[PDB]
């Protein structure tokens, strides 16, 4: 069982000091997957955005601490349900290899609480995908039920045979806000990808 390197895999970069403070720029090491242009290049707290957030004692948004370390990565979409999807993507160094089983695990978070008078109850739905090149090899499209203010672990697996047409292409990961519900924000954390003989 081997780990494949992922940059900023727990969104711990940058370090954030204050409880529930967050960034509004793409997490370091990741790019914004934006197939529908929902996330503007220059964002504010009133636009769709993504970034990292510190989950600590005193958080008003969760009933538990970050799955890993201090921070989570979050994606919030302001457009109405059905408008499209957005999230994070990272292209890895490793390439697809035959006779190997891949295991992608990532923690998915559903916001909780209330701010002002508005509640964060609700979830847009998630999809976690494992890629080779531009191809989605395997994906978990919203299979887990996650309660408000909680996290749960998603597992995606894929076995690559010697005749798989995408061998030698770069592995990739996408973490996606499906925007099929409100509250239309979600979190991810603790991304891990391992390989083993198949």
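Numbering follows the first chain given and starts at 1.
- Across the other PDB entries of this protein whose models span the neighbouring residues, residue 116 goes unmodelled in a third or more.
- Note on 97-105 vs 113-121: mean CA B-factor is higher in 113-121.
- Ranking 47, 142, 63, 153 by Cα temperature factor from the entry places 63 first.
- Considering 136, 55, 38, 160 together, the PDB entry gives 160 the largest C-alpha B factor.
- When the modelled residues of the chain are ordered by C-alpha B-factor, residue 25 sits in the highest third.
- The entry lists a Cα temperature factor for residue 34 that places it in the lowest third of the chain's modelled residues.
- Sort the chain's modelled residues by C-alpha temperature factor and residue 16 lands in the middle third, per the entry.
- In the deposited entry, the Cα temperature factor of residue 51 sits in the bottom third of values across the chain's modelled residues.
- Annotation for residue 171: C-alpha temperature factor in the highest third relative to the rest of the modelled chain, per the entry.
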